[PDB]
Amino acid sequence: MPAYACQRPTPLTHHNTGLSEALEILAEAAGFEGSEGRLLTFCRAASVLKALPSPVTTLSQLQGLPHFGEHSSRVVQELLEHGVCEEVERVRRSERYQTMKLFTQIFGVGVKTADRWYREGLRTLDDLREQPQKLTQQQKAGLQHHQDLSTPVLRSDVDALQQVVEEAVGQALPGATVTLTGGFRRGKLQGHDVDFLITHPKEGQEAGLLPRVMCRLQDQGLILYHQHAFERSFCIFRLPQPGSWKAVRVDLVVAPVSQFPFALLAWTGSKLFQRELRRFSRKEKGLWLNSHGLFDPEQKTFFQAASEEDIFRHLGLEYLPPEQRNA
DNA sequence: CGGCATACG
DNA sequence: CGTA
DNA sequence: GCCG
Ligand SMILES: O=c1ccn([C@@H]2O[C@H](COP(=O)(O)NP(=O)(O)OP(=O)(O)O)[C@@H](O)[C@H]2O)c(=O)[nH]1
Ligand SMILES: [Cl-]
Ligand SMILES: [Mg+2]
Ligand SMILES: [Mg+2]
Ligand code: NA
């Protein structure tokens, strides 16, 4: 078992679901406390279990696995022996965990804002609604639409959205393309949002595109919230439903075609997969990876990729299709 | 011990 | 600060 | 919290 998540296939569904979920609770709780390092270790341990070919049944099966030391091994031991880990259950029912989870789930609220509200005594969404002067416009939208945004987006919903985005994109710049990215590209059947990547085959034509797309979607009555020269948009869309509609989060990113492989890689995820890939690139290969390119800081050159396959090859990694990037 | 991904709105 |  |  390699130490980096980008060195091993991780399927969406696997054989250690309960164990990985427990470790991910501890990872989330570590993030609520500001402990990025412990969040990373618990996430990495969870992801190792997702990559295994069969269920862990005995503690000895953790020996030699990366990211399993005394703490994560103890968690697994207790789940195997008793079906429950006392530390995990203590987190799950703690007021701090439940409130931070509730607040950070709001679009426009991160850990720092959630923690400040917690320390001020706030505990519920109605507590926030009663003092709307303290909310940004983004947070007001997140709070108004919170119920709809809490319901999973269905893969059945995604086709209809992609069609309306393509219509606006085609009027804004004929020949521009729309690619589904994020979790749905990795094979997920549900999601918290829909992520799209937009480009054009002629380098440079994509400049200035996203404002033109957003204006056209807003004119068609489809935008419930957006932030407005930009290249990323984090929107709330009106999605039709039988006799009505629902609010859905939609992310749009524009990239030049020269950067498209890097952008596709970066926005397909998973989040942990990309963090691990960027860490691998920098620490093992001495190359700096981001959503725009791959930089050799010694030669001061960028690697010209024509595909995701090119990028894996330049990093000396076996190619993983999106469905195996579910770290 | 240092390090933990990266950038745009 | 928020977001991906 | 764990790796190197
Ligand atoms: O912090 C982040 C968040 C997101 N991303 C990148 O942006 C992609 C989309 O970010 P996302 O927040 O839409 N997550 P996704 O994997 O689509 O699952 P879901 O919760 O169902 O929407 C992720 O899969 C990563 O590739 C990052 O690189 N860093
Ligand atoms: Cl990214
Ligand atoms: Mg998504
Ligand atoms: Mg998204
Ligand atoms: Na949030």
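A, B, ... follow the sequence lines: proteins, then strands. Residue 1 opens every chain. Order of listing sets the numbers, starting from 1, for every ligand and every atom in it.
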Visitor: Are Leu12(A) and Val158(A) connected in a single hydrophobic cluster, I mean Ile/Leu/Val/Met/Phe/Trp/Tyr linked by side-chain heavy atoms less than 4.5 Å apart?
Guide: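 Per the 4.5 Å side-chain linkage, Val158(A) and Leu12(A) are not co-clustered.
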
Visitor: Have a look around the Na ion (ligand 5) and list protein N/O/S atoms under 3.0 Å, or say none.
Guide: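 Checking every protein N, O and S atom gives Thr104(A) O, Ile106(A) O, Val109(A) O.
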
Visitor: Could you check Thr199(A) against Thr177(A) for side chain to side chain donor-acceptor pair (under 3.5 Å), going step by step and ending with a plain yes or no?
Guide: CA-CA 6 Å; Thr199(A) 192; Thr177(A) 60; 5.7 Å; no

Visitor: Evaluate side-chain contact (heavy atoms from CB on, under 4.5 Å) for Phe312(A) paired with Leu320(A), printing each intermediate quantity in order.
Guide: CA-CA 8 Å; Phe312(A) 280 89; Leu320(A) 292 171; 4.3 Å; yes

Visitor: Drop me the distance from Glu24(A)'s CD to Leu49(A)'s CG, to the nearest 0.5 angstrom.
Guide: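 If we round to the nearest 0.5 Å, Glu24(A):CD and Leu49(A):CG are 9.5 Å apart.
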
Visitor: Dump the intermediate steps for side chain to side chain donor-acceptor pair (under 3.5 Å) on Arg8(A) and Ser47(A), then the final yes or no.
Guide: CA-CA 10 Å; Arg8(A) 63 210 183 217; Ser47(A) 83; 2.8 Å; yes

Visitor: With 2.8 Å as the threshold, which protein atoms of type N, O or S lie near the Mg ion (ligand 4)? Leave waters out.
Guide: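 Metal shell, protein only: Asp193(A) OD2, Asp195(A) OD1, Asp251(A) OD2.
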
Visitor: Give the C-alpha distance, both sets of side-chain angles, the deciding distance and a yes or no for side chain to side chain donor-acceptor pair (under 3.5 Å) between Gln144(A) and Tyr225(A).
Guide: CA-CA 11 Å; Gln144(A) 281 166 138; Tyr225(A) 171 85; over 6 Å; no

Visitor: Step by step, work out the ring-ring contact (aromatic ring centres under 6.0 Å, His included) result for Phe262(A) and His292(A).
Guide: CA-CA 6 Å; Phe262(A) 297 100; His292(A) 309 308; 9.3 Å; no

Visitor: Show me the short polar-atom pairs for ligand 1: any N or O of it lying under 3.5 Å from a protein N or O, with distances only.
Guide:
unit_1, atom_1, unit_2, atom_2, d
ligand 1, 1 (O), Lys271(A), NZ, 3.1
ligand 1, 13 (O), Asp193(A), OD1, 3.1
ligand 1, 13 (O), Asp193(A), OD2, 3.1
ligand 1, 13 (O), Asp195(A), OD1, 3.1
ligand 1, 13 (O), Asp195(A), OD2, 3.0
ligand 1, 16 (O), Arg186(A), NH1, 2.9
ligand 1, 16 (O), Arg186(A), NH2, 3.1
ligand 1, 17 (O), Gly183(A), N, 2.9
ligand 1, 17 (O), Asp195(A), OD2, 3.0
ligand 1, 20 (O), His192(A), ND1, 3.1
ligand 1, 21 (O), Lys188(A), NZ, 2.9
ligand 1, 21 (O), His192(A), N, 3.1
ligand 1, 22 (O), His192(A), ND1, 2.7
ligand 1, 22 (O), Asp193(A), OD1, 2.8
ligand 1, 24 (O), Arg186(A), NH1, 3.3
ligand 1, 26 (O), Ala266(A), O, 2.5
ligand 1, 26 (O), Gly269(A), N, 2.9

Visitor: Can you give each donor-acceptor pair under 3.5 Å made by side-chain atoms of residues 101-110 of chain A, sequence neighbours left out, with the distance rounded to 0.1 Å?
Guide:
unit_1, atom_1, unit_2, atom_2, d
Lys101(A), NZ, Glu28(A), OE2, 2.7
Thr104(A), OG1, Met100(A), O, 2.8
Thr104(A), OG1, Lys101(A), O, 3.4

Visitor: Hey, can you tell me if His314(A) and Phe303(A) have their rings parallel, tilted or perpendicular (30° and 60° cut-offs)?
Guide: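 Ring orientation of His314(A) relative to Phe303(A): parallel.
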
Visitor: Any idea which heavy atoms bring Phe184(A) and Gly191(A) closest together, and the distance?
Guide: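 Between these two residues, the closest heavy atoms are CZ-N, 3.5 Å.
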
Visitor: The test is side chain to side chain donor-acceptor pair (under 3.5 Å); show your working for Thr301(A) and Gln299(A) and say whether it passes.
Guide: CA-CA 5 Å; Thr301(A) 53; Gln299(A) 296 187 352; 3.3 Å; yes

Visitor: Within 45 degrees of the ring normal and closer than 6.0 Å to the centroid, is that where the cationic atom of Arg123(A) sits relative to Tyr118(A)?
Guide: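 Positive - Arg123(A) is close enough to the ring of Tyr118(A) and near enough to its axis.
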
